[PDB]
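Q: Heads up: the protein sequence lines correspond to chains A and B, in order. Each residue of the first sequence is one higher than the last, beginning at 1 in the UniProt record's numbering. Each residue of the second sequence is one higher than the last, beginning at 1 in the UniProt record's numbering. Just so it is clear, CB atoms sit at the ideal spot from N, CA and C, and this is done for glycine as well. Here's a structure for you.
2 protein chains.
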Amino acid sequence: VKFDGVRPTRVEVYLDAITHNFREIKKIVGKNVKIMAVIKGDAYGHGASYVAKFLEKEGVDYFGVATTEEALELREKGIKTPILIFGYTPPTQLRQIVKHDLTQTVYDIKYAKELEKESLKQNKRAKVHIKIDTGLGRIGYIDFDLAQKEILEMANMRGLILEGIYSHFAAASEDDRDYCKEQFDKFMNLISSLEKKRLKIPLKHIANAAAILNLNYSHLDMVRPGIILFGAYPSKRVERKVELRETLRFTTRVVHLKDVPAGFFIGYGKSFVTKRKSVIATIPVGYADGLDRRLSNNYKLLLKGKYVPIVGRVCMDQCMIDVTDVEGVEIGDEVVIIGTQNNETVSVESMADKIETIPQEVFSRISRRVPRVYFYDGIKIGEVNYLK
Amino acid sequence: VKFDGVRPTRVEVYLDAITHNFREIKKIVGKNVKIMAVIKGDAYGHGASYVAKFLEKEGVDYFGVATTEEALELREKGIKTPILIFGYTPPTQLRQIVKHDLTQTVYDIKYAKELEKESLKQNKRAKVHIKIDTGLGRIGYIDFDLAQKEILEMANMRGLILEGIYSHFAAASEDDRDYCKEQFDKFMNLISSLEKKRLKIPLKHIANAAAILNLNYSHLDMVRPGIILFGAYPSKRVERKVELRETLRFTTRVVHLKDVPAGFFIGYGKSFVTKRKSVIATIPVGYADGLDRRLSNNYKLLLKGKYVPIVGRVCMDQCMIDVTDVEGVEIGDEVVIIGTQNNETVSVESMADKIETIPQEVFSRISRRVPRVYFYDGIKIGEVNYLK
């Protein structure tokens with residue numbers, strides 16, 4: 001329909017497409033290789049609640065998130081699946097991760113002790129994964145000699161469970177195979193040293209989407225697909241042997257149509273002027289919704305399967321488009337910003353290229369003001385308006 | 001304190017600075033000119049609930065929001081101040097705006113008739129403000145002959161209250177005096193025509209923030225400050241001295257520290273490498289939080305009042321800073337992304353410049369995941385976490 005209870009400007013999340021892309025990852029990896037769905041940044045702007053709910057039905061082995069509150073949000077909504085927090089959970093918030101049984105990242109002994117203390121205080125055991133810095137220079141142990149010592153102590157701390165150990169590739173998306181091979185070996189060399197001290201950590205993992213496609217050796221015990229679950233690739237230097245489906249459609253509606261003559265100025269600073277008789281539509285989406293202002297006078301959106309350019313500057317809440325070439329335009333016609341419309345697509349990757357970034361940042365730009373509508377087998381099954 | 005119950009990456013909102021900036025508008029305009037506080041985009045990322053709550057106590061005459069959902073959000077938190085919705089409320093949602101006495105922007109008879117029908121059905125009257133396009137080419141009547149014809153119809157529509165009439169400047173920020181007088185004159189000429197048809201409208205307004213300070217003639221009955229209320233100037237080219245106080249501080253904490261030698265690669269794609277023995281810190285803020293990825297290797301955050309460069313790529317939830325030259329850096333030290341720290345400011349305007357946009361987009365990019373902590377008179381009075 002033209003309009004409904006939900007805001008005109010919206011994100012349509014296709015849950016059956018996410019579960020499909022998830023099933024594509026299982027084909028690439030072995031039958032005994034576990035999958036951790038990275039759904040950080042609110043499932044890359046898709047809404048963690050619903051995405052986690054539907055991946056839990058699909059039988060996912062783990063979830064990956066960036067923060068404590070991301071991990072807790074999932075538990076608040078009845079997610080039973082194990083969850084791993086990549087980031088630092090401050091000492092002041094340690095009670096919560098122990099209470100709701102959340103896996104925590106650890107790469108120093110003082111922090112492990114503080115966690116153990118809270119684990120013993122609640123008479124539960126805090127699952128932990130050890131992060132190793134094999135080249136990325138971000139987080140994890142860099143002194144491998146120190147790492148062995150502290151990791152071996154943690155193995156003897158009864159308040160903890162030393163379930164996992166992991167690292168992260170620095171240039172897998174850039175396809176520096178020599179560095180990926182180099183990072184992998186360092187990682188395995190630390191594990192060999194630990195296994196020689198009678199310590200078998202059940203979950204060794206290192207591969208993100210880039211290495212999952214290319215580096216069959218990096219699979220290990222568990223694999224960490226993120227953006228790839230949402231119908232996009234991390235870069236152009238990947239094999240793309242999987243068949244991805246479109247998971248998100250960022251859409252809005254025609255809210256106003258005017259006929260104007262030539263020499264008619266549009267937008268702030270009179271940055272655009274018509275060179276002909278034109279039909280201008282206004283659409284209630286702007287930069288506060290996640291439509292980058294740099295697309296002012298250099299992007300085309302989809303309307304009835306035709307490309308329509310943004311004319312004038314992108315405002316905070318709205319922008320104008322030239323619809324002169326499109327016949328039969330009406331109030332409440334759908335306008336697609338990201339995604340497919342009638343044998344035509346303005347993909348998330350195309351948008352990322354135009355503003356010199358990657359699909360992950362584009363998805364994360366879609367703001368709180370944009371409600372998420374959810375679909376499964378073609379039918380709408382729920383919605384979230386964050387303004388509520 | 002180093003850490004607390006709130007996420008380390010946060011936005012500190014200073015409500016007394018917002019009210020102070022509002023009072024700066026009060027000094028500029030008369031005692032006889034009303035003030036509509038524009039707080040669309042969740043109060044430019046400050047949080048509409050708390051900001052509206054305090055501007056109401058301050059005695060603001062009206063609020064301006066972009067969308068229906070923003071207006072209902074205010075009403076649902078108990079706000080009684082009159083609220084204007086700038087954007088388009090679709091025919092499907094007209095019941096709500098009549099029920100909660102929200103003011104609706106109208107610029108066509110068909111829509112007026114639709115709004116009146118619901119208004120009559122509830123035995124109520126819908127307050128409306130008429131948008132006039134005088135040059136911006138965004139929304140409103142461009143046909144001033146029609147404008148008059150349809151407005152006189154609306155005056156004889158007993159289910160509508162024809163409270164306001166307004167337009168908007170296209171280049172008040174670029175300081176285009178001629179085009180501003182051109183816009184104003186058209187508006188006032190239209191006003192004069194309507195009076196001769198025996199029709200007066202009590203709330204005439206046109207001045208956005210730039211026109212408030214530079215164009216004294218443009219004050220009329222009401223004025224519409226937005227970005228000025230949040231400590232950012234609406235133009236670079238402004239006259240009139242004003243005392244703007246800093247309303248927002250986008251801050252994070254040091255999470256990891258490490259010593260590294262020269263030739264140490266940092267971040268994705270090995271984009272940065274050390275030229276010396278260095279001390280590098282990791283901070284839990286990324287582009288999913290609104291820190292633009294294009295700041296990778298070309299911005300400086302503030303730590304202990306000193307500038308520290310961002311090194312390597314900005315990740316989705318984190319990035320690294322070079323802290324070598326800063327002494328006594330410990331875990332939990334405050335890093336300011338936007339705002340003031342020890343006689344030193346990294347303003348929202350400076351970042352807007354850096355990523356070639358305007359302050360409003362910078363504030364708007366600060367994502368759902370970043371909690372808002374609120375202050376009044378130096379005391380922390382509350383907090384909101386949208387993950388909850």
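For chain A, is any of its Cβ atoms less than 8 Å away from the one on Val13(B)?
A: It does not: the Cβ of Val13(B) has no partner Cβ on chain A nearer than 8 Å.
Q: Measure the CB-CB distance between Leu194(B) and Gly159(B) and report whether it falls below 8 Å.
A: Not a contact, by the Cβ cut-off of 8 Å.
Q: Please list the segments of the beta strand (DSSP E) lying wholly inside the segment 100-145 of chain A, counting only runs of 3 or more residues, in order along the chain.
A: Within the segment 100-145 of chain A, the complete beta strand (DSSP E) runs of at least 3 residues are 103-106 and 126-131.
Q: Could you tell me which residues DSSP puts in a beta bridge with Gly64(B)?
A: Looking at the DSSP assignment, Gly64(B) forms a beta bridge with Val38(B) and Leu84(B).
Q: Taking only the alpha-carbon atoms, compute the straight-line gap between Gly267(B) and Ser235(A) and give it to the nearest angstrom.
A: About 16 Å.
Q: Just the Cα atoms here: how many angstroms apart are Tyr44(A) and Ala232(A)?
A: Those two C-alpha atoms are separated by around 11 Å.
Q: Return no unless some Cβ of chain B is closer than 8 Å to the Cβ of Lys258(A).
A: Chain B contact via Cβ: present.
Q: Under 8 Å, with one C-beta from each stretch per pair, do the segment 213-228 of chain B and the segment 246-261 of chain B reach the 3-pair mark?
A: Touching, no, given that fewer than three Cβ pairs across the two stretches are closer than 8 Å.
Q: Measure from the alpha carbon of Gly305(B) to the alpha carbon of each residue in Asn342(B), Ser347(B), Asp289(B) and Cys315(B), then state which is nearest.
A: For the residues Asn342(B), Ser347(B), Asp289(B) and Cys315(B), the minimum Cα distance to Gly305(B) belongs to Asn342(B).
Q: When DSSP builds the beta bridges, which residues end up paired with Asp259(A)?
A: Partner(s): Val279(A).
Q: Taking only beta-carbon positions, decide if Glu182(A) is within less than 8 Å of chain B.
A: Not one chain B Cβ lies under 8 Å of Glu182(A).
Q: Residues of chain B with CB closer than 8 Å to the CB of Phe230(A), please, in chain order.
A: Within chain B, no residue comes near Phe230(A); the closest Cβ sits about 13 Å away, beyond 8 Å.
Q: If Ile355(A) sits next to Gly290(A), beta carbons under 8 Å apart, how far is it from one beta carbon to the other, in whole angstroms?
A: Not confirmed; about 11 Å, so no contact.
Q: Could you tell me the alpha carbon to alpha carbon distance between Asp145(B) and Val13(A), rounded to whole angstroms?
A: Going from the Cα of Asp145(B) to the Cα of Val13(A) covers about 45 Å.
Q: Are the Cβ atoms of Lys99(B) and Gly332(B) separated by less than 8 Å?
A: No, they are not a contact pair.
Q: Please determine if the segment 145-156 of chain B and the segment 103-113 of chain B are in contact, where contact requires at least 3 C-beta pairs separated by less than 8 Å.
A: The segment 145-156 of chain B vs the segment 103-113 of chain B: in contact.
Q: Under 8 Å between the Cβ atoms of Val6(A) and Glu383(A)?
A: Yes; because the gap between Cβ atoms is below 8 Å, this pair is in contact.
Q: What residue range is occupied by the uninterrupted beta strand (DSSP E) comprising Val362(B)?
A: No beta strand (DSSP E) contains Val362(B), which is instead part of the alpha helix (DSSP H) from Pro359 to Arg365.
Q: For chain B, find out if any of its Cβ atoms is closer than 8 Å to the Cβ of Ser347(A); answer yes or no.
A: Not one chain B Cβ lies under 8 Å of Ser347(A).
Q: Once you ignore the five residues that flank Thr345(A) on each side, which residues in its own chain have a CB closer than 6 Å to its CB?
A: Here the set comprises nothing.
Q: Ignore the nearest five residues each way along the sequence and tell me which others in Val348(A)'s own chain have a CB closer than 6 Å to its CB.
A: Cβ within range, chain order: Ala232, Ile338, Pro359 and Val362.
Q: Between the segment 14-28 of chain A and the segment 39-57 of chain A, do at least 3 Cβ pairs fall closer than 8 Å?
A: Enough Cβ pairs lie closer than 8 Å, so yes.
Q: Please name the residue, chosen from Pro202(A), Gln183(A) and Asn189(A), that lies closest to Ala211(A) on a Cα-to-Cα basis.
A: For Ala211(A), the nearest C-alpha among the options comes from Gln183(A).
Q: Return the chain-ordered ranges of every alpha helix (DSSP H) run that is complete within the segment 287-349 of chain B and spans a minimum of 4 residues.
A: List check, alpha helix (DSSP H) in window: nothing returned.
Q: For the segment 135-148 of chain A, which residues have a CB atom closer than 8 Å to at least one CB atom of chain B, in sequence order?
A: Under the 8 Å Cβ criterion, the segment 135-148 of chain A contributes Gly135, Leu136, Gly137, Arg138, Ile139 and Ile142.
Q: Between the beta-carbon of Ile139(A) and the beta-carbon of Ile165(A), is there less than 8 Å?
A: The answer is no: Cβ separation not under 8 Å.
Q: How is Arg198(A) classed by DSSP in three states: helix, strand or coil?
A: Coil.
Q: Using 8 Å as the threshold, is the C-beta distance between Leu213(A) and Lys186(A) below it?
A: No; because the gap between Cβ atoms is not below 8 Å, this pair is not in contact.
Q: Considering only C-alpha positions, which residue in the set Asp322(A), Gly137(A) and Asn208(A) is nearest to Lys258(B)?
A: Comparing Cα-Cα distances from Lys258(B) to each of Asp322(A), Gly137(A) and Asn208(A), the minimum goes to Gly137(A).
Q: What first and last residue would you give for the beta strand (DSSP E) that runs through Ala172(B)?
A: No beta strand (DSSP E) contains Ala172(B), which DSSP labels as neither H nor E.
Q: What in chain B is Cβ-close to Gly87(A), meaning under 8 Å?
A: Ordered by position in chain B, the residues that pass the 8 Å Cβ test against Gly87(A) are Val255, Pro284, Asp317 and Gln318.
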